[PDB]
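**Student:** This is the structure I have questions about; it appears just below.
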Amino acid sequence: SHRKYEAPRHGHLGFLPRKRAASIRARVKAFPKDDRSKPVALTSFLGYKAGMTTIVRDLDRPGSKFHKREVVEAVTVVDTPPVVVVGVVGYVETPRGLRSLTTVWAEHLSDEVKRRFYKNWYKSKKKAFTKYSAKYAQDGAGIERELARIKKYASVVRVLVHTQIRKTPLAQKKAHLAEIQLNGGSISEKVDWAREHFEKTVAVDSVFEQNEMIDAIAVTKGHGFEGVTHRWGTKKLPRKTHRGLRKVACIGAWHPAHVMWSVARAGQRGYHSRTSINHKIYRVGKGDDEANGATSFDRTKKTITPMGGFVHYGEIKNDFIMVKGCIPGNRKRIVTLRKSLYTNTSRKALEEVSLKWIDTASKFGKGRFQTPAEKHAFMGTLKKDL
Amino acid sequence: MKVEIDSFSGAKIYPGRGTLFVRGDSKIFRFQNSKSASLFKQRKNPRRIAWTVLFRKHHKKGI
Amino acid sequence: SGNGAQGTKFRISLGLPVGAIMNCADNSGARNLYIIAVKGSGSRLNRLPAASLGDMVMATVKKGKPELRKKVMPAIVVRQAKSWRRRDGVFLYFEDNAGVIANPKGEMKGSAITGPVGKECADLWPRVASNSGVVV
RNA sequence: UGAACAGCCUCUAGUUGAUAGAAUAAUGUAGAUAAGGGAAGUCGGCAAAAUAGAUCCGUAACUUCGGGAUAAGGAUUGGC
RNA sequence: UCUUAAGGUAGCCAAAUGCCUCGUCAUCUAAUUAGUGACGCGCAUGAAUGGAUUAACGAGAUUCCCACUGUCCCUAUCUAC
RNA sequence: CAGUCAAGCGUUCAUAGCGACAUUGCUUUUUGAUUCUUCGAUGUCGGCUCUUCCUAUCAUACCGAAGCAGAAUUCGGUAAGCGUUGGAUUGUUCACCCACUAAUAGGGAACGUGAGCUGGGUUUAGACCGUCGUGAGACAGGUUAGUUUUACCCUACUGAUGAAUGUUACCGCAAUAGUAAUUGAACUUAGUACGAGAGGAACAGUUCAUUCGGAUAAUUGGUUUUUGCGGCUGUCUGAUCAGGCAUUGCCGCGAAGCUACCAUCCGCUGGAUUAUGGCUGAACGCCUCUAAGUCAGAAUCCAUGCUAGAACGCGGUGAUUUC
């Protein structure tokens with residue numbers, strides 16, 4: 001017999017299975033569409049989610065009521081030290097898909113990245129890539145031909161890069177490593193560009209620019225084994241109910257005499273791969289610079305790191321990003337940035353953004369002061385201030 | 001933009017941070033924090049509360 | 001709103017569901033307004049339609065004049081008592097929740113208003129602006 | 001303490017028994033709090049909340065004139 | 001006028017008795033098969049097979065209003081086991 | 001529930017729309033009829049919850065016809081992608097009203113679902129009334145009160161590990177499966193078109209919202225065993241200072257963390273197609289969207305994209321144990 005009063009599917013089934021990811025570093029499924037008219041350049045980036053904060057700016061959409069008025073917006077901050085390019089691989093295409101035929105690395109490597117190759121590093125000979133360097137230590141002994149092979153073949157190229165987890169304030173010492181597709185120019189140009197960029201930093205001033213809409217790709221925060229009621233948004237059953245109300249009551253009919261997949265069920269919430277899009281960048285900023293927190297309107301020399309620091313992160317002394325809104329992922333976590341796939345204009349992706357003020361107050365409480373100068377000014381001296 | 005002054009503590013209210021209250025007599029109060037808000041709802045006197053600017057300036061401290 | 005939506009509205013946090021009694025602010029004879037419906041309301045299962053500031057509604061009078069009592073009438077909210085958030089992030093709330101009788105088009109059957117109102121309603125319903133003492 | 005061999009703390013006397021250790025996911029059991037609204041929930045205000053002691057003030061209909069009546073409903077309560 | 005031993009009197013009601021029935025009118029409601037007050041060709045009311053009221057009393061059944069509230073919109077969080 | 005036929009209605013006219021008398025079929029959502037299974041028991045109405053399916057499509061997408069000027073409406077096609085409410089009374093299915101609504105369509109899954117709830121109703125035993133009965137007692141007649149048991153097994157399901165592939169680590173591919181975004185308003189177009197007048201559009205554009213989803217916790221709110229700070233009562237520690245007990249003693253504040261349409265942010269674009277309208281075009285020396293060929297065309301379909309990654313699908317790379 002039919003459902004007496006209608007209502008929709010609780011939850012979304014495209015996002016199934018709701019299971020723990022394969023990694024703490026979300027796979028980038030898809031990059032943009034390669035084009036040759038442009039120059040060779042990256043199409044992605046890596047950083048570490050630091051936290052959120054709040055800003056002020058003057059909206060401009062001709063027809064709103066806050067047109068040419070102030071707003072206040074929640075932004076999310078990423079610490080993006082420049083990634084060390086080492087290596088590239090070549091993907092030839094088959095009816096069975098793209099396929100790597102070669103992975104060319106660089107001669108010299110950092111302890112962080114070969115640590116990522118290792119697990120127990122403190123008891124190790126640190127024997128890695130030595131015979132690769134000895135394939136190096138000559139002009140081109142067994143490298144030039146791999147490169148020219150990649151030139152003769154390999155419709156697609158992906159550059160291997162790694163992060164600077166020691167430049168971060170974290171406590172890992174184990175670099176993150178990944179690939180990025182290049183979507184510019186020709187293949188020979190891509191590979192020689194990468195050869196030039198072996199062992200070399202690359203930075204966000206080169207990959208991105210303000211008022212660009214992007215995708216944030218990351219793994220969403222783990223919440224353990226969880227009931228159906230938070231995991232799906234199901235109605236709490238009523239008070240008088242023997243044996244539990246944080247449940248689904250019927251989980252299927254007599255026939256088919258099975259539990260349908262679409263029914264809700266308890267289990268893992270979080271640590272899930274997610275790919276959110278259309279996150280306008282509001283500011284690139286520099287580690288090797290002060291006044292990161294200061295707009296043209298404020299001009300009070302102050303960086304972005306609030307009083308007492310980011311909660312669970314620390315400081316932003318590297319190059320960093322401020323993007324509108326939330327993103328998948330929690331603090332201290334990796335994040336994979338990405339150019340869009342589609343030239344969304346919409347009078348929302350083109351809205352040019354200039355900022356006014358940036359909350360650099362303490363998130364470890366309810367902070368009244370953006371600066372200890374301001375603090376001492378408002379308060380006067382103190383007993384400790386001899 | 002501008003910054004404002006808690007009715008209770010007399011503190012700068014940077015934009016968004018804090019609550020606002022509009023009594024039936026159209027008096028618009030602002031509160032940096034639920035602390036001040038809750039005291040206000042308790043109908044306390046900041047001149048009697050010690051950490052407040054009013055007590056500070058009424059006892060002539062930081063002159 | 002719909003009909004008398006002089007422009008648009010931004011969402012406001014919702015605190016006045018059906019069953020809510022809210023004060024009447026105007027000079028129409030009333031004392032209270034029992035909300036029973038909302039215009040432009042959403043249709044979801046075992047969800048109570050909730051009113052807002054500016055939301056026209058259908059209401060009844062449980063207390064007041066026997067010409068107004070025992071019949072529905074359109075009414076408009078001007079006060080909410082539920083902290084909502086404007087685009088400048090200011091979280092603001094009144095102490096009370098009230099409204100005013102109207103016609104379907106939005107013109108107050110009453111000729112005045114007793115207290116403060118919301119700038120959203122004042123910008124969306126011009127007759128309320130006309131009969132407004134103070135706005136915020 | 002307090003109207004009180006109530007409830008709570010203590011003295012004398014008596015016990016320190018009931019498998020224990022590590023973590024603190026769901027679902028439970030027992031206990032609680034929750035903005036705005038206020039029974040719209042539901043067979044049905046079920047359960048829970050709110051009220052609560054004492055002093056003072058005031059007290060309806062109806063009545064078998066005895067009651068109803070702590071009616072309702074309001075104010076106050078510390079320390080020195 | 002037929003007939004009975006004599007034909008339900010006072011009084012009461014769609015009541016825990018009333019099929020038709022969600023009876024008709026009113027009221028309570030925005031809306032009420034409910035609740036209450038009236039009406040009574042009452043299928044099948046009724047007088048110690050006790051009738052009609054009835055203050056007070058009731059872990060009785062029922063309706064509404066004030067307060068109150070996580071019952072609910074809509075869930076969330078915490079604690080011990 | 002749908003057809004055939006068409007006397008008639010429809011100002012005139014059978015067919016725009018209806019369509020009596022007659023008639024052919026379909027469905028099993030009723031109610032019968034039957035009694036095959038089931039009486040060493042298949043837990044028996046409804047609601048709640050929750051998914052999935054059909055379409056005889058209520059709305060939404062695109063279209064055709066009209067006794068369609070416009071608006072509004074009616075009929076019909078592809079279409080089940082997507083959505084289909086809140087309440088009053090009733091145990092109710094159903095019905096009837098109120099109101100919003102884009103619209104508030106019908107149904108199935110052992111009349112879905114009780115080791116999922118509840119137990120109003122029905123459905124034991126108590127009891128009351130009425131009628132029937134000499135009586136014990138009877139009444140799908142009315143009322144009231146009346147114990148709702150067990151999963152630790154297998155499967156299914158959700159999540160989670162995992163031997164074996166020469167070892168180990170890293171980077172990848174992507175078979176297959178899943179899939180999602182939905183609807184409305186306002187301004188403008190425009191009081192224009194259209195209309196004698198009355199009234200009264202539309203596409204594009206902009207800003208907003210409804211429903212659903214996926215994240216996040218800067219802000220606000222909540223939560224508070226931070227038993228962090230302060231205070232309060234009673235009592236014990238000679239008094240103070242500082243503390244114990246009060247099943248976390250109570251209150252106010254309360255960070256962090258968790259969390260909320262109670263907060264915020266985001267929610268893609270290309271192709272083939274249906275219906276339909278058509279291009280050339282014969283048969284049928286004309287003509288015809290069709291027969292060969294062919295164009296555009298939808299909430300459709302498939303891809304883009306998104307989720308998992310075959311644990312018996314694969315690839316690239318690094319290092320590969322000595323006295």
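Each chain in the structure tokens gets a letter, A, B, ..., in the order shown, and its residues are numbered from 1; ligands are numbered from 1 in order too.
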Extract the full set of strand (DSSP E) residues from chain B according to DSSP on the backbone, and format it as an mmCIF file with N, CA, C and O atoms, in the first residue's frame.
**Tutor:**
data_model
loop_
_atom_site.group_PDB
_atom_site.id
_atom_site.type_symbol
_atom_site.label_atom_id
_atom_site.label_comp_id
_atom_site.auth_asym_id
_atom_site.auth_seq_id
_atom_site.Cartn_x
_atom_site.Cartn_y
_atom_site.Cartn_z
ATOM 1 N N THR B 19 25.848 41.187 19.144
ATOM 2 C CA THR B 19 24.403 41.217 19.011
ATOM 3 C C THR B 19 23.894 42.649 19.092
ATOM 4 O O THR B 19 24.599 43.569 19.510
ATOM 5 N N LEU B 20 22.641 42.812 18.690
ATOM 6 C CA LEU B 20 21.932 44.074 18.752
ATOM 7 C C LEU B 20 20.535 43.820 19.293
ATOM 8 O O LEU B 20 19.952 42.758 19.066
ATOM 9 N N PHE B 21 19.999 44.808 20.003
ATOM 10 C CA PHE B 21 18.710 44.699 20.666
ATOM 11 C C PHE B 21 17.945 45.986 20.437
ATOM 12 O O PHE B 21 18.535 47.066 20.445
ATOM 13 N N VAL B 22 16.645 45.865 20.232
ATOM 14 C CA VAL B 22 15.786 46.987 19.898
ATOM 15 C C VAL B 22 14.560 46.897 20.787
ATOM 16 O O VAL B 22 13.610 46.166 20.494
ATOM 17 N N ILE B 28 18.006 51.458 20.667
ATOM 18 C CA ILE B 28 18.854 50.463 20.031
ATOM 19 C C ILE B 28 20.103 50.302 20.882
ATOM 20 O O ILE B 28 20.940 51.207 20.956
ATOM 21 N N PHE B 29 20.229 49.146 21.516
ATOM 22 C CA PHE B 29 21.415 48.755 22.249
ATOM 23 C C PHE B 29 22.237 47.801 21.402
ATOM 24 O O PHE B 29 21.718 47.094 20.538
ATOM 25 N N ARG B 30 23.533 47.771 21.681
ATOM 26 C CA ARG B 30 24.452 46.842 21.054
ATOM 27 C C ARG B 30 25.276 46.171 22.133
ATOM 28 O O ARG B 30 25.573 46.768 23.167
ATOM 29 N N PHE B 31 25.647 44.925 21.873
ATOM 30 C CA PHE B 31 26.375 44.126 22.835
ATOM 31 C C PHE B 31 27.492 43.407 22.113
ATOM 32 O O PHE B 31 27.256 42.720 21.118
#
**Student:** Per residue of chain F within 9 Å of chain B, which atom pair is closest and at what distance in Å (one decimal), using only C-alpha atoms (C1' of nucleotides), listed by chain and increasing number, as CSV?
**Tutor:**
residue,atom,partner,partner_atom,distance
F:219,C1',B:17,CA,6.0
F:220,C1',B:19,CA,7.1
F:252,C1',B:39,CA,8.8
F:253,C1',B:35,CA,6.4
F:254,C1',B:35,CA,8.9
**Student:** Print the selection's residues with C-alpha atoms (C1' of nucleotides) to a file, as a PDB file, in the first residue's frame.
**Tutor:**
ATOM      1  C1'   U F 219      29.964  35.398  13.145  1.00  0.00           C
ATOM      2  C1'   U F 220      25.209  34.714  16.293  1.00  0.00           C
ATOM      3  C1'   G F 252      25.672  33.681  36.734  1.00  0.00           C
ATOM      4  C1'   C F 253      29.463  33.925  33.235  1.00  0.00           C
ATOM      5  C1'   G F 254      31.966  30.454  30.408  1.00  0.00           C
TER       6        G F 254
END
**Student:** Do a neighbour search on residue 60 (chain E) at 12 Å with only C-alpha atoms (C1' of nucleotides), toss out local chain neighbours closer than 3 positions, and write the hits as a PDB file with C-alpha atoms (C1' of nucleotides), in the first residue's frame.
**Tutor:**
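Result file part26.pdb:
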ATOM      1  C1'   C E  57     -15.496  14.108  47.374  1.00  0.00           C
TER       2        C E  57
ATOM      3  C1'   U F 144     -15.493   2.589  30.120  1.00  0.00           C
ATOM      4  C1'   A F 145     -11.123  -0.214  32.062  1.00  0.00           C
TER       5        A F 145
END
**Student:** Could you check which of F:299, F:268, F:193, F:186 is closest to chain C, using only C-alpha atoms (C1' of nucleotides)?
**Tutor:**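 That would be F:186, the residue with the smallest distance to chain C.
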**Student:** Would you mind listing, for every residue of chain A within 10 Å of chain B, the two atoms forming the shortest contact and the distance between them in Å to one decimal, using only C-alpha atoms, sorted by chain and ascending residue number, as JSON lines?
**Tutor:**
{"residue": "A:54", "atom": "CA", "partner": "B:16", "partner_atom": "CA", "distance": 8.8}
{"residue": "A:55", "atom": "CA", "partner": "B:15", "partner_atom": "CA", "distance": 8.6}
{"residue": "A:56", "atom": "CA", "partner": "B:15", "partner_atom": "CA", "distance": 7.9}
{"residue": "A:57", "atom": "CA", "partner": "B:1", "partner_atom": "CA", "distance": 9.1}
{"residue": "A:58", "atom": "CA", "partner": "B:1", "partner_atom": "CA", "distance": 9.8}
{"residue": "A:69", "atom": "CA", "partner": "B:1", "partner_atom": "CA", "distance": 9.6}
{"residue": "A:70", "atom": "CA", "partner": "B:1", "partner_atom": "CA", "distance": 7.3}
{"residue": "A:71", "atom": "CA", "partner": "B:15", "partner_atom": "CA", "distance": 8.9}
{"residue": "A:72", "atom": "CA", "partner": "B:16", "partner_atom": "CA", "distance": 7.0}
{"residue": "A:73", "atom": "CA", "partner": "B:16", "partner_atom": "CA", "distance": 9.3}
{"residue": "A:297", "atom": "CA", "partner": "B:1", "partner_atom": "CA", "distance": 9.8}
{"residue": "A:356", "atom": "CA", "partner": "B:1", "partner_atom": "CA", "distance": 8.2}
{"residue": "A:357", "atom": "CA", "partner": "B:1", "partner_atom": "CA", "distance": 8.6}
{"residue": "A:359", "atom": "CA", "partner": "B:14", "partner_atom": "CA", "distance": 8.4}
{"residue": "A:361", "atom": "CA", "partner": "B:14", "partner_atom": "CA", "distance": 9.8}
{"residue": "A:366", "atom": "CA", "partner": "B:33", "partner_atom": "CA", "distance": 7.5}
{"residue": "A:367", "atom": "CA", "partner": "B:17", "partner_atom": "CA", "distance": 9.1}
{"residue": "A:368", "atom": "CA", "partner": "B:12", "partner_atom": "CA", "distance": 7.2}
{"residue": "A:369", "atom": "CA", "partner": "B:12", "partner_atom": "CA", "distance": 8.5}
{"residue": "A:370", "atom": "CA", "partner": "B:14", "partner_atom": "CA", "distance": 9.4}
{"residue": "A:378", "atom": "CA", "partner": "B:11", "partner_atom": "CA", "distance": 9.1}
{"residue": "A:379", "atom": "CA", "partner": "B:62", "partner_atom": "CA", "distance": 8.2}
{"residue": "A:380", "atom": "CA", "partner": "B:62", "partner_atom": "CA", "distance": 6.5}
{"residue": "A:381", "atom": "CA", "partner": "B:62", "partner_atom": "CA", "distance": 8.6}
**Student:** Could you check the closest approach to chain C for each of A:45, A:66, A:342, A:208 and tell me which residue wins, using only C-alpha atoms?
**Tutor:**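 Among the listed residues, the smallest separation from chain C belongs to A:66.
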**Student:** Considering only C-alpha atoms (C1' of nucleotides), state which residue in the set F:225, F:169, F:106, F:74 is at the smallest distance from residue 79 (chain E).
**Tutor:**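 For residue 79 (chain E), the nearest of the given residues is F:225.
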